[PDB]
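A.B. asks: Input: one structure, supplied below.
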Amino acid sequence: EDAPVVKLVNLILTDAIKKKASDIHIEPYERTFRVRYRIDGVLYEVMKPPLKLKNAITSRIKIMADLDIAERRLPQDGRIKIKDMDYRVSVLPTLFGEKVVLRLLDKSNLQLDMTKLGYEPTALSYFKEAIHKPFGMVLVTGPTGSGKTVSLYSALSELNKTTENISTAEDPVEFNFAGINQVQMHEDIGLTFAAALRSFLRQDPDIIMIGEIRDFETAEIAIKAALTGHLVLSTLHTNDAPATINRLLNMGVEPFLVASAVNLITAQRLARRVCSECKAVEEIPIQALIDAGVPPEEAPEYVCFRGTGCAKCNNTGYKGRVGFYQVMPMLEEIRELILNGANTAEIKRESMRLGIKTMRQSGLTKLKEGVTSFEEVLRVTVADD
Amino acid sequence: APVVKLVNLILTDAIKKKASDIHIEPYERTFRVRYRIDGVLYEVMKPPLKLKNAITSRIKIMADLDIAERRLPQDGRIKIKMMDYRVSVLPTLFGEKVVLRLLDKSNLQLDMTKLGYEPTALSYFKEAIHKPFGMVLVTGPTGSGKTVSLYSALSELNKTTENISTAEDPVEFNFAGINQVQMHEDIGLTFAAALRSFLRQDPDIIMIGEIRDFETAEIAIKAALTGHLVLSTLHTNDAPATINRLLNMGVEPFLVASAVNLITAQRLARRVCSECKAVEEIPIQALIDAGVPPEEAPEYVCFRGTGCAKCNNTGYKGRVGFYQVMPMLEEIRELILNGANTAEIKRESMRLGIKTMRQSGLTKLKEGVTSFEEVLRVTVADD
Amino acid sequence: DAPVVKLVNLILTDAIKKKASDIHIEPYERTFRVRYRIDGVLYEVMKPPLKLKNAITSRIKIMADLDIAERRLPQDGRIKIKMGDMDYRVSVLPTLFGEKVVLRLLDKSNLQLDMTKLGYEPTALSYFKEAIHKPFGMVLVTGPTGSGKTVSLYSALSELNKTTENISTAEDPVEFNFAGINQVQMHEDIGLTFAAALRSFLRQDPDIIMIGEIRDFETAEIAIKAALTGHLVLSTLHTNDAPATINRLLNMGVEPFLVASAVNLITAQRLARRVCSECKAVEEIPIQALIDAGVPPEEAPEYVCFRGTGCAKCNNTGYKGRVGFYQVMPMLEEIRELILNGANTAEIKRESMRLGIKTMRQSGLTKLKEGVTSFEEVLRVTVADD
Ligand SMILES: [Zn+2]
Ligand SMILES: [Zn+2]
Ligand SMILES: [Zn+2]
């Protein structure tokens with residue numbers, strides 16, 4: 001329908017990099033057509049192109065990704081690599097044409113260094129200890145969008161030596177890693193996690209990464225792989241790390257296997273980072289900090305900040321995101337609790353007895369260093385009564 | 001009586017009477033027209049039988065339906081000058097029966113505040129919809145407004161900062177800014193098919209028309225556990241049964257416990273006419289057996305409609321909703337893992353202050369919006 | 001094909017010369033490599049040209065009789081390259097950027113053909129020897145791949161390999177070249193299926209017949225009919241436990257009285273790791289866990305559970321050898337009666353346990369008591385007995 005589509009498409013992808021966007025959404029509707037950038041978890045409408053180019057745009061992208069242009073009724077998935085910048089494409093048949101989703105994959109703005117992820121010193125020591133063990137299971141819990149896969153990616157980079165077979169099963173595979181054998185799931189064809197995980201055992205493996213353990217079938221296989229002499233990395237969506245014990249048991253797993261096989265259970269969430277420009281002090285009462293869980297001796301030296309709202313923060317008061325981490329090694333004391341039928345709260349206490357900081361405590365540490373607001377800590381975490 | 005005018009008459013009269021569906025029914029010795037008003041069919045007209053074929057054919061002409069085929073069923077639509085209709089013709093033994101369903105998207109409420117939730121219930125409903133993940137199931141039978149409650153949730157979340165994706169069979173409301181996918185199983189576009197694609201496209205909120213099978217249920221729940229917000233419906237009696245429906249389908253129990261945030265259940269009841277509103281002497285023993293606590297039985301003021309022009313002598317004008325909103329509370333999660341049956345769960349929910357549909361119905365009765373008969377008609381006592 | 005077959009041949013030959021244990025053919029977005037596992041560590045060996053990534057893997061799939069039109073889901077097969085030999089098990093895995101192929105060496109150097117040395121418990125072995133030395137009937141040895149089921153099968157043939165008996169065999173592929181055993185290797189492309197070879201055996205004045213695996217109704221039906229005619233039939237299936245193997249055959253379409261009359265025994269087995277004899281350490285396992293594992297409480301405290309600490313001999317794994325957990329279920333009158341009354345799997349499992357047929361879990365707990373395997377290894381490999 002027109003000719004300078006390639007200049008338009010190139011702009012939409014490039015501008016997304018300049019804006020440090022994480023995802024691109026190209027959405028056609030009956031009378032409107034829009035482009036949205038997801039930046040720090042929030043979608044902003046960027047472009048409202050003319051509808052005559054909607055089919056020109058999608059087809060230009062589909063050829064870039066080796067997708068069937070005649071198929072506008074079923075969803076398609078491919079990849080795009082541009083000059084050294086690759087994208088992940090997903091096409092979906094909206095009511096009025098195909099919706100396109102591109103996720104930005106630039107390592108340049110991806111941190112693969114555990115030191116730079118905001119782990120506290122004591123916790124990070126436990127995290128490195130478990131991933132460098134020669135076998136066992138390491139679980140990084142959290143929901144989607146909590147940075148949990150970034151913790152995994154940084155671990156694989158530390159382990160990605162040419163002497164070890166690292167296999168990977170994700171839904172979907174995001175970052176193409178060199179020397180790492182990544183498998184994207186496809187449930188319609190029978191390529192489930194268990195299917196790849198069973199195939200991995202037939203693949204002379206050393207390290208195995210699983211996107212998430214969602215059902216008993218996958219859990220059993222993943223644990224037994226960690227027992228057979230393999231390093232198993234995976235995620236679950238649990239509230240805190242102590243609950244991940246009774247999550248696996250509620251799935252139907254025998255407890256003695258959980259005690260023997262799990263080496264570590266990380267739990268983390270992402271919180272908004274205050275804008276460095278409209279940064280304003282908030283006089284929070286000391287009893288409010290104590291009721292939040294701050295040790296009283298350190299309550300006065302706290303200087304709680306917040307963003308007023310400016311242009312740079314798009315009036316959100318926040319810019320980047322920041323992580324609250326809980327790193328709970330499977331200490332001898334925790335193993336005994338699992339076998340005596342301990343509940344979640346009982347495990348939570350003994351972990352804190354042994355100096356295992358909760359996500360709330362990690363948040364109060366970020367608050368003290370002045371990167372997050374008091375509201376954002378209470379929003380994301382739960383107090384440790 | 002002219003046929004074209006009469007057809008327009010039966011369609012317009014249905015609008016004035018706020019009817020939802022029109023039934024044009026030929027039989028061996030009679031011919032009648034019925035309006036669906038507040039869920040109940042009333043005989044409206046008894047035209048002469050000679051016009052049975054004239055009327056149905058006129059409607060088919062209005063609907064662009066094959067007039068040469070009177071032996072097989074046909075389906076179409078009508079849009080007139082003011083209001084669109086959905087038409088279905090069915091070959092009865094004695095002529096064609098025609099059904100028109102009124103499609104009132106213009107006067108359609110897509111705001112949870114206008115749905116008649118009681119304050120406590122609405123608080124739980126809002127709490128669960130604004131959570132960053134989890135499943136919300138809106139149960140009820142066909143014609144219970146459950147799809148209206150579902151869309152009301154989407155409208156509440158429909159901000160430009162969130163990717164709301166949707167899979168329906170068929171799509172009901174064409175929504176702007178909502179990425180809607182209409183199902184097509186013959187080409188392989190099932191709920192499971194679209195739902196798998198949604199995860200690969202950076203979603204925030206997902207709506208699934210209905211959970212009909214294990215395949216869709218398992219996938220939808222696992223997606224809601226992964227950290228996405230999933231909305232769907234089922235056809236179950238109350239909210240507690242929706243738990244053992246999912247479990248009887250084959251879902252692993254921890255998923256039902258961990259992933260579901262809330263289960264709504266609803267029925268529709270007639271609303272008493274505001275004009276012929278008369279108090280009705282209901283015996284107190286009847287109220288206590290209905291579930292009224294005896295201490296509060298005298299202060300109930302039971303109403304009924306006498307019959308006026310505005311209520312079309314029905315005594316009722318418009319509908320009112322009886323809702324049961326059961327958040328997946330820590331206590332109920334515990335029951336699921338201990339293999340509790342449905343009746344046990346209903347008890348613990350009621351212990352924790354989750355009004356049943358009967359209890360919600362009696363609340364509208366006390367507020368003077370429903371008749372006592374309409375409570376007993378629609379719900380079942382809690383024994 | 002000219003440079004790919006040369007390259008394919010190089011990858012297999014160099015792997016033999018370099019005494020590799022596993023071969024890794026790895027495609028990536030812009031790179032392509034082959035790694036050999038030598039003494040547990042992978043070394044980068046070759047960096048072939050990227051144009052050949054799909055050509056090489058596909059040729060190997062042909063060498064393994066693998067569907068080459070299917071490049072999306074994983075596949076597994078075998079390769080036998082002969083000498084004066086070395087066979088491999090191949091696995092294809094659909095990476096994001098093509099198919100990854102892995103070859104594992106199967107040298108079978110330590111091969112036991114003495115039923116006594118397989119770790120069968122005494123009561124079990126007696127039941128097993130009884131059925132194979134019966135003059136006819138069927139004996140099924142079930143289990144997953146890598147459970148020694150074919151080793152138990154061959155060990156049975158060695159006990160029967162006398163010069164008075166016509167032993168014919170149909171395998172896909174033939175494993176061990178046995179003297180005096182008439183071995184027929186399957187060749188599906190030319191019509192040499194199990195059923196095809198099985199039919200010819202009846203025309204061959206047979207005594208004992210071994211079939212690699214009963215995977216199909218055609219094969220199952222005839223093999224059963226052969227065991228009724230007065231021939232000894234040995235085969236395998238991939239089933240969870242011995243009682244379910246009955247309802248496996250029944251779901252295939254076999255009439256139940258045939259299963260009752262023709263089956264003499266159904267073995268089921270799984271392999272578990274053997275604790276290292278050098279770093280062997282006693283482990284205080286809680287008693288309630290043992291009772292819940294299925295140990296009768298009266299004998300539970302006297303259990304002395306071991307595990308490996310980690311030494312040089314065990315490569316710090318704590319384990320060395322393999323150990324077998326066996327379930328041997330003779331077709332006793334009680335089980336035949338259940339089969340004829342349409343009993344389900346759980347009922348048969350119960351009645352076998354009433355009749356003293358130790359399950360794989362129960363057999364595992366005995367090896368645990370004898371101090372050859374760990375408690376974790378019992379739970380990993382077996383299933384609790386309700
Ligand atoms: Zn700012
Ligand atoms: Zn009235
Ligand atoms: Zn050792």
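If you're wondering about the labels, chains in the structure tokens are A, B, ... by order shown, residues count from 1 in each chain, ligands from 1 in order shown.
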What parts of region 20-189 of chain B does DSSP call strand (DSSP E)? I'd like the answer as JSON, numbers by chain.

C.D. replies: {"B": [21, 22, 23, 24, 25, 26, 31, 32, 33, 34, 35, 36, 37, 40, 41, 42, 43, 44, 45, 74, 75, 76, 77, 78, 79, 84, 85, 86, 87, 88, 89, 90, 91, 92, 95, 96, 97, 98, 99, 100, 101, 102, 103, 134, 135, 136, 137, 138, 139, 164, 165, 166, 167, 168, 179, 180, 181, 182]}

A.B. asks: Within 6 Å of residue 333 (chain B), counting only C-alpha atoms, which residues show up once you throw out same-chain ones fewer than 3 positions away? Write them as a ChimeraX atom specification, please.

C.D. replies: /B:257,330,336

A.B. asks: Neighbours of region 141-143 of chain C within 9 Å (only C-alpha atoms; same-chain residues fewer than 2 positions away dropped), as JSON, numbers by chain?

C.D. replies: {"C": [139, 145, 146, 147, 148, 149, 150, 152, 153, 234, 235, 236, 237, 238, 239, 240, 241, 242, 245, 265, 266, 267, 268, 269, 270, 328]}

A.B. asks: Using only C-alpha atoms and all ligand atoms, which residues of chain C come within 12 Å of ligand 3, and what is the closest atom pair for each, with the distance in Å to one decimal? Give it as a Markdown table, sorted by chain and residue number.

C.D. replies:
| residue | atom | partner | partner_atom_place_in_ligand_line | distance |
| --- | --- | --- | --- | --- |
| C:273 | CA | ligand 3 | 1 (Zn) | 12.0 |
| C:274 | CA | ligand 3 | 1 (Zn) | 10.1 |
| C:275 | CA | ligand 3 | 1 (Zn) | 7.4 |
| C:276 | CA | ligand 3 | 1 (Zn) | 4.4 |
| C:277 | CA | ligand 3 | 1 (Zn) | 6.6 |
| C:278 | CA | ligand 3 | 1 (Zn) | 5.2 |
| C:279 | CA | ligand 3 | 1 (Zn) | 4.2 |
| C:280 | CA | ligand 3 | 1 (Zn) | 6.7 |
| C:281 | CA | ligand 3 | 1 (Zn) | 9.5 |
| C:306 | CA | ligand 3 | 1 (Zn) | 11.9 |
| C:307 | CA | ligand 3 | 1 (Zn) | 9.3 |
| C:308 | CA | ligand 3 | 1 (Zn) | 5.7 |
| C:309 | CA | ligand 3 | 1 (Zn) | 6.6 |
| C:310 | CA | ligand 3 | 1 (Zn) | 4.6 |
| C:311 | CA | ligand 3 | 1 (Zn) | 3.9 |
| C:312 | CA | ligand 3 | 1 (Zn) | 6.0 |
| C:313 | CA | ligand 3 | 1 (Zn) | 5.1 |
| C:314 | CA | ligand 3 | 1 (Zn) | 3.7 |
| C:315 | CA | ligand 3 | 1 (Zn) | 6.7 |
| C:316 | CA | ligand 3 | 1 (Zn) | 5.9 |
| C:317 | CA | ligand 3 | 1 (Zn) | 6.7 |
| C:318 | CA | ligand 3 | 1 (Zn) | 4.6 |
| C:319 | CA | ligand 3 | 1 (Zn) | 6.0 |
| C:320 | CA | ligand 3 | 1 (Zn) | 7.0 |
| C:321 | CA | ligand 3 | 1 (Zn) | 10.6 |

A.B. asks: Determine, using only C-alpha atoms and all ligand atoms, which residues of chain B have any atom at most 9 Å from an atom of ligand 2, and tabulate each with its shortest atom pair and distance in Å to one decimal place, rows ordered by chain and then rising number, as a tab-separated table.

C.D. replies:
residue	atom	partner	partner_atom_place_in_ligand_line	distance
B:272	CA	ligand 2	1 (Zn)	7.4
B:273	CA	ligand 2	1 (Zn)	4.4
B:274	CA	ligand 2	1 (Zn)	6.5
B:275	CA	ligand 2	1 (Zn)	5.2
B:276	CA	ligand 2	1 (Zn)	4.3
B:277	CA	ligand 2	1 (Zn)	6.8
B:305	CA	ligand 2	1 (Zn)	5.8
B:306	CA	ligand 2	1 (Zn)	6.5
B:307	CA	ligand 2	1 (Zn)	4.6
B:308	CA	ligand 2	1 (Zn)	4.0
B:309	CA	ligand 2	1 (Zn)	6.1
B:310	CA	ligand 2	1 (Zn)	5.2
B:311	CA	ligand 2	1 (Zn)	3.7
B:312	CA	ligand 2	1 (Zn)	6.7
B:313	CA	ligand 2	1 (Zn)	6.2
B:314	CA	ligand 2	1 (Zn)	6.9
B:315	CA	ligand 2	1 (Zn)	4.7
B:316	CA	ligand 2	1 (Zn)	6.2
B:317	CA	ligand 2	1 (Zn)	7.1

A.B. asks: Keeping only C-alpha atoms, write the selected residues to a file as a PDB file, in the first residue's frame.

C.D. replies:
ATOM      1  CA  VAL B 272     -40.158  -5.514  42.470  1.00  0.00           C
ATOM      2  CA  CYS B 273     -41.842  -2.637  40.667  1.00  0.00           C
ATOM      3  CA  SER B 274     -41.151   0.683  42.383  1.00  0.00           C
ATOM      4  CA  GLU B 275     -44.730   1.911  41.774  1.00  0.00           C
ATOM      5  CA  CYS B 276     -47.144  -0.878  42.783  1.00  0.00           C
ATOM      6  CA  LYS B 277     -44.881  -1.799  45.701  1.00  0.00           C
ATOM      7  CA  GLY B 305     -45.922  -5.976  43.491  1.00  0.00           C
ATOM      8  CA  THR B 306     -49.662  -5.424  43.173  1.00  0.00           C
ATOM      9  CA  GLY B 307     -49.592  -5.002  39.399  1.00  0.00           C
ATOM     10  CA  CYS B 308     -49.511  -1.701  37.529  1.00  0.00           C
ATOM     11  CA  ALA B 309     -48.918  -0.393  34.006  1.00  0.00           C
ATOM     12  CA  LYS B 310     -45.147   0.075  34.366  1.00  0.00           C
ATOM     13  CA  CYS B 311     -44.645  -3.486  35.637  1.00  0.00           C
ATOM     14  CA  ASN B 312     -46.879  -4.827  32.825  1.00  0.00           C
ATOM     15  CA  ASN B 313     -48.989  -6.404  35.609  1.00  0.00           C
ATOM     16  CA  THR B 314     -46.055  -8.700  36.433  1.00  0.00           C
ATOM     17  CA  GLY B 315     -45.294  -6.921  39.689  1.00  0.00           C
ATOM     18  CA  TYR B 316     -41.604  -6.816  38.759  1.00  0.00           C
ATOM     19  CA  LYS B 317     -39.470  -4.358  36.775  1.00  0.00           C
TER      20      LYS B 317
END

A.B. asks: Determine, counting only C-alpha atoms, which protein, DNA and RNA residues have an atom within 8 Å of an atom of region 117-124 of chain C; residues of the same chain fewer than 6 positions away are not included. Present the result as a list in words.

C.D. replies: residues 152, 323, 324, 325, 326, 327, 328 and 363 of chain C

A.B. asks: Neighbours of ligand 1 at 6 Å or closer, counting only C-alpha atoms and all ligand atoms: which residues, as an mmCIF file with N, CA and C atoms, in the first residue's frame?

C.D. replies:
data_model
loop_
_atom_site.group_PDB
_atom_site.id
_atom_site.type_symbol
_atom_site.label_atom_id
_atom_site.label_comp_id
_atom_site.auth_asym_id
_atom_site.auth_seq_id
_atom_site.Cartn_x
_atom_site.Cartn_y
_atom_site.Cartn_z
ATOM 1 N N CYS A 275 13.063 7.985 41.328
ATOM 2 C CA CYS A 275 13.689 8.841 40.339
ATOM 3 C C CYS A 275 14.758 9.673 41.031
ATOM 4 N N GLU A 277 15.875 12.453 40.217
ATOM 5 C CA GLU A 277 15.713 13.883 39.981
ATOM 6 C C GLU A 277 14.649 14.533 40.862
ATOM 7 N N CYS A 278 13.445 13.969 40.940
ATOM 8 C CA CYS A 278 12.423 14.515 41.840
ATOM 9 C C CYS A 278 12.448 13.850 43.210
ATOM 10 N N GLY A 307 9.754 9.933 45.325
ATOM 11 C CA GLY A 307 9.707 10.846 44.200
ATOM 12 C C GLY A 307 8.455 11.708 44.247
ATOM 13 N N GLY A 309 7.393 13.384 41.562
ATOM 14 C CA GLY A 309 6.800 13.280 40.248
ATOM 15 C C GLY A 309 7.345 14.357 39.338
ATOM 16 N N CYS A 310 8.149 13.960 38.360
ATOM 17 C CA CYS A 310 8.710 14.926 37.427
ATOM 18 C C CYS A 310 8.578 14.404 36.002
ATOM 19 N N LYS A 312 11.174 13.309 34.081
ATOM 20 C CA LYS A 312 12.083 12.191 33.852
ATOM 21 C C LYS A 312 11.473 10.874 34.319
ATOM 22 N N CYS A 313 10.691 10.908 35.391
ATOM 23 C CA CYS A 313 10.008 9.722 35.884
ATOM 24 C C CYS A 313 8.618 9.556 35.282
ATOM 25 N N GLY A 317 7.317 9.048 39.771
ATOM 26 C CA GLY A 317 8.162 9.108 40.941
ATOM 27 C C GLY A 317 9.228 8.039 40.970
#

A.B. asks: Which residue, C:195, C:2, C:295, C:138, has the smallest gap to residue 229 (chain C) when you use only C-alpha atoms?

C.D. replies: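 Smallest separation from residue 229 (chain C) among the options: C:138.
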
A.B. asks: Could you please tell me, as a PDB file with C-alpha atoms, in the first residue's frame, which residues of chain C have an atom within 6 Å of chain A when using only C-alpha atoms?

C.D. replies:
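result-v5.pdb, freshly written:
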ATOM      1  CA  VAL C  41      35.078 -33.712  30.738  1.00  0.00           C
ATOM      2  CA  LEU C  42      34.092 -32.271  27.359  1.00  0.00           C
ATOM      3  CA  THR C  95      17.524 -26.817  20.170  1.00  0.00           C
ATOM      4  CA  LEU C  96      16.308 -23.393  19.101  1.00  0.00           C
ATOM      5  CA  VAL C 102      24.438 -36.781  21.296  1.00  0.00           C
TER       6      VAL C 102
END

A.B. asks: Give me, as CSV, each residue of chain B that comes within 6 Å of chain A, together with its shortest interatomic pair and the distance in Å at one decimal, counting only C-alpha atoms, with rows ordered by chain and rising residue number.

C.D. replies:
residue,atom,partner,partner_atom,distance
B:161,CA,A:43,CA,4.2
B:179,CA,A:94,CA,5.7
B:180,CA,A:94,CA,5.5
B:181,CA,A:94,CA,5.2
B:201,CA,A:101,CA,5.5
B:226,CA,A:143,CA,5.7
B:227,CA,A:143,CA,4.6

A.B. asks: Would you output that residue set with N, CA, C and O atoms, as a PDB file, in the first residue's frame?

C.D. replies:
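Final file, again.pdb:
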ATOM      1  N   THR B 161      -1.810   0.930  30.179  1.00  0.00           N
ATOM      2  CA  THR B 161      -0.514   0.471  30.656  1.00  0.00           C
ATOM      3  C   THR B 161      -0.398  -1.048  30.685  1.00  0.00           C
ATOM      4  O   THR B 161       0.678  -1.567  30.998  1.00  0.00           O
ATOM      5  N   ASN B 179      -7.160  -6.809  23.057  1.00  0.00           N
ATOM      6  CA  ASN B 179      -6.731  -7.671  21.963  1.00  0.00           C
ATOM      7  C   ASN B 179      -7.544  -8.956  22.055  1.00  0.00           C
ATOM      8  O   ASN B 179      -7.242  -9.845  22.855  1.00  0.00           O
ATOM      9  N   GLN B 180      -8.582  -9.051  21.229  1.00  0.00           N
ATOM     10  CA  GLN B 180      -9.557 -10.129  21.311  1.00  0.00           C
ATOM     11  C   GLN B 180      -9.332 -11.152  20.208  1.00  0.00           C
ATOM     12  O   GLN B 180      -9.175 -10.793  19.036  1.00  0.00           O
ATOM     13  N   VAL B 181      -9.332 -12.424  20.591  1.00  0.00           N
ATOM     14  CA  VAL B 181      -9.139 -13.532  19.669  1.00  0.00           C
ATOM     15  C   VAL B 181     -10.398 -14.379  19.712  1.00  0.00           C
ATOM     16  O   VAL B 181     -10.813 -14.833  20.787  1.00  0.00           O
ATOM     17  N   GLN B 201       3.720 -13.490  24.417  1.00  0.00           N
ATOM     18  CA  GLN B 201       3.512 -12.161  23.856  1.00  0.00           C
ATOM     19  C   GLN B 201       3.426 -11.088  24.942  1.00  0.00           C
ATOM     20  O   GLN B 201       2.723 -10.087  24.784  1.00  0.00           O
ATOM     21  N   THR B 226       1.806 -18.706  37.039  1.00  0.00           N
ATOM     22  CA  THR B 226       3.082 -18.192  36.555  1.00  0.00           C
ATOM     23  C   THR B 226       3.273 -16.709  36.846  1.00  0.00           C
ATOM     24  O   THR B 226       4.397 -16.213  36.725  1.00  0.00           O
ATOM     25  N   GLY B 227       2.235 -16.012  37.306  1.00  0.00           N
ATOM     26  CA  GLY B 227       2.329 -14.584  37.549  1.00  0.00           C
ATOM     27  C   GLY B 227       1.553 -13.711  36.579  1.00  0.00           C
ATOM     28  O   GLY B 227       1.935 -12.565  36.328  1.00  0.00           O
TER      29      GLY B 227
END

A.B. asks: Env of residue 4 (chain B): 10 Å cut, atoms = only C-alpha atoms, seq-sep filter 6 positions within chain, self excluded. Answer as a ChimeraX atom specification.

C.D. replies: /B:54-55,58-59

A.B. asks: Generate a file of the selected residues that holds N, CA and C atoms, formatted as a short mmCIF file (atom, residue, chain, number, x, y, z; two decimals), in the first residue's frame.

C.D. replies:
data_model
loop_
_atom_site.label_atom_id
_atom_site.label_comp_id
_atom_site.auth_asym_id
_atom_site.auth_seq_id
_atom_site.Cartn_x
_atom_site.Cartn_y
_atom_site.Cartn_z
N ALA B 54 -46.91 -15.71 6.99
CA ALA B 54 -46.63 -14.34 6.57
C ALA B 54 -45.63 -13.67 7.50
N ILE B 55 -45.82 -13.82 8.81
CA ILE B 55 -44.95 -13.17 9.78
C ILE B 55 -43.53 -13.73 9.69
N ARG B 58 -41.78 -12.65 6.53
CA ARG B 58 -41.42 -11.24 6.63
C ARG B 58 -40.18 -11.04 7.48
N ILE B 59 -40.08 -11.76 8.60
CA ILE B 59 -38.90 -11.65 9.45
C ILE B 59 -37.67 -12.15 8.71
#

A.B. asks: If you count only C-alpha atoms, which residues fall within 7 Å of region 19-21 of chain C, apart from same-chain ones fewer than 4 positions away, as a PyMOL selection string?

C.D. replies: chain C and resi 15+36-38+104-105

A.B. asks: Let's see if you can do this: from backbone DSSP, list all helix (DSSP H, G or I) residues in region 105-279 of chain A, as a ChimeraX atom specification.

C.D. replies: /A:107-109,114-117,121-131,148-159,187-189,193-201,216-227,241-251,255-261

A.B. asks: Neighbours of residue 333 (chain C) within 12 Å (only C-alpha atoms; same-chain residues fewer than 6 positions away dropped), as a CSV table (one decimal) with C-alpha atoms, in the first residue's frame?

C.D. replies:
chain,number,residue,atom,x,y,z
C,260,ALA,CA,-4.1,-66.5,32.2
C,261,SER,CA,-3.2,-69.7,30.4
C,263,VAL,CA,1.8,-66.3,30.9
C,264,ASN,CA,4.0,-68.1,33.4
C,339,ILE,CA,-7.7,-61.8,35.4
C,340,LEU,CA,-10.8,-63.8,34.4
C,348,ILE,CA,-3.7,-57.7,41.4
C,351,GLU,CA,-3.1,-60.2,45.9
C,352,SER,CA,0.5,-60.6,44.8
C,355,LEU,CA,0.9,-64.1,48.3
